[PDB]
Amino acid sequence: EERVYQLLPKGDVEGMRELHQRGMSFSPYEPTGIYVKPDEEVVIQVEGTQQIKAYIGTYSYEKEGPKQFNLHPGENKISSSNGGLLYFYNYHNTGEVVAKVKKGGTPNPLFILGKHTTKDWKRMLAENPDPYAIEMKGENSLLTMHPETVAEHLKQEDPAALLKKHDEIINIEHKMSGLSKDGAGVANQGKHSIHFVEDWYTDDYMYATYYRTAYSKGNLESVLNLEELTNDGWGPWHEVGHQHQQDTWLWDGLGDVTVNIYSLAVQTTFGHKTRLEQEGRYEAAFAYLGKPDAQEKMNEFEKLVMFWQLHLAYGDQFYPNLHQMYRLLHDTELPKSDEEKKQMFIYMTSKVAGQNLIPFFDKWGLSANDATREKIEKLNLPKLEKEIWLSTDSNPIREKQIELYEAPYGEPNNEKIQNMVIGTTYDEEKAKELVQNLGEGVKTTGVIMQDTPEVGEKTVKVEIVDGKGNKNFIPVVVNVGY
C-alpha cells in the first residue's frame, strides 16, 4: 500500500535551544508508525522543492543510537543495519513537505491525540499484536514505550487522557520559562515536542539529554499511569524541567536545584503541597540563614528554597520575565564563570523584581560584590519592605506582584536565506532586511548575535526594539560564511 505524510515546517531544534539558552534540545522526531526491520530497504519519495532529514531507530530505546539520513527531493531509498522505527524531520521554518512511503516498512501502533478514537486504539492494538513499540503522540509530547509496559500501566481505555496531561505539564513548564506557542523570539516555545522513552539498556534511574527524556525498565509508572503522573509524577516533571533549565544562571551546585523550580510549578498548579514543605526543607535551610559559608554547607534541596521564594513574592510572572531577560543578553554581558553567574543573578532578579534584592541574597549566603552593588544602585530600585527570606508555602510573605514582559513582535525573512560574514555583531542595513512584520513603533537596532560562531546554514539572532525601550531577538536563518 502507501502511507503518505504531510510534514509541517517545525524548524531547527538546535536553533531554538540556543535562543532559549537551554542545555539540551527538544525532539526533532515526527512519528510515522512504521517499523523498519534490520537490513531492510525503504522507498520514500519527497514531493516538493525542499529537502528533509530522516531517522531509523529511537533515541534511548535501543542499545545502538539511531541512524540519521539526508533525504534529497524525489524518490529516495535508504536502509539501516540495526533497523527501528521511522521518523522524519522537516527542519525548515516554512513550506510543508510531502513524504510518502510506498515500499518497505511494517505497521507499528501510533496513537495520535485529537485524531484517533478509542475504536482506532482498540483496532490499532488488535491489528498489531506484540509490536516492536507503542507510540503515543500528543500536542507537545511523544511517548515511545514497550507494549507490555503500556499494558501494565495504562489505566484508561485509550492514551488520550494521558497525552492531555503530559501536554498540560509541558505547557506549564513552557509558561514558567516565559515560552508560548504564539510568542515572538525569546517568547516562542518553538514547534518541537518533548520525547519520553522507555530505556531497557541503561542503569540510570531517570535522565534527560539531547532530543529526549528517558526512563529505565521498571520505572515507567509515573509516566504511563495517569493518576501517578498527576499525584506522584515528580520524576517526569524533573526530567522535563531539565530540558528547560537555562545555563546562564546555572553555576556549579545548581545542576539538581533550579531544575526543580519547574517541578514545584507543576506540583502547585495541580493543587498539591510543595516537596520542600512536606520534607521540612524550610526549617533545615533556615539553620544556615545568616551563615557566612551557608551556600557551601547546604544541600541541593535546601538551596531550592530561596529560588521558590522569589516566585511566591512577585507572582507567576517573575520567572517568565527572568528567562526572557536572560535571553536578551548581548555577547559581552553573558556570564562566563560560576562567580559571574552568581553576581549576574543578583542583578537580573533585582531588575525583574523592580527592587533591591541584595539583602535577600545576603541572608542566603550569596553576597554581591562592589561592582554588582554599584550596578544595582544605579537602577534606583526601591528597598525591600518585607522579609521575604522567611517565606514558605505555608507562609506567603509576598511583595508587589509584577506584570508580564511584553516583547516586541517580529518575524524571520523566510522568503530568502541571506548572506552574512561570520563575526558580524552590528550591521544596520542587513539586519533590517532579515526580519518581517514588525509591531507598531518597532524597529531593528542593527545588533546581530550568533551564539555559536559557526559557518553555514545556521540560526542567528536579530535585535528589535519598541518605543518603550523593550527589546527582542528574532531568530533568522542565514548563510554564514568566511
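One rule holds for the numbers: they count along the sequence shown, beginning at 1.
J.: Using only C-alpha atoms and the B-factors in the entry, which stretch averages higher, 414-422 or 28-36?
T.: On average, C-alpha B-factors are higher across 414-422.
J.: Taking only the CA atoms, which stretch has the higher mean B-factor in the record, 268-276 or 351-359?
T.: Comparing 268-276 with 351-359, the higher average CA B-factor belongs to 268-276.
J.: Which has the highest CA B-factor per the PDB entry: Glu168, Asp120, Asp252, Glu239?
T.: Among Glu168, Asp120, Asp252, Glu239, the PDB entry lists the largest C-alpha B-factor for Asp252.
J.: I'd like to know which of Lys217, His116, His174, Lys103 has the highest C-alpha temperature factor in the PDB entry.
T.: Most elevated C-alpha B-factor of the set, per the entry: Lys103.
J.: Taking the chain's C-alpha temperature factors as the reference, tell me which third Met449 falls into: lowest, middle or highest.
T.: For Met449, the deposited C-alpha B-factor lands in the lowest third.
J.: Looking at the C-alpha B-factor of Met136, is it in the lowest, middle or highest third of its chain?
T.: Lowest third.
J.: Per the entry's values, where does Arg212 land by CA temperature factor relative to the rest of its chain, in the lowest, middle or highest third?
T.: It falls in the bottom third of the chain.
J.: Place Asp247 in the lowest, middle or highest third of its chain's C-alpha B-factors, as listed in the PDB entry.
T.: CA B-factor rank for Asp247: lowest third.
J.: Using the B-factor values recorded in the entry, state whether the Cα atom of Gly57 falls in the lowest, middle or highest third among the modelled residues of its chain.
T.: Its C-alpha B-factor, which the entry lists for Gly57, ranks in the lowest third among residues of this chain.
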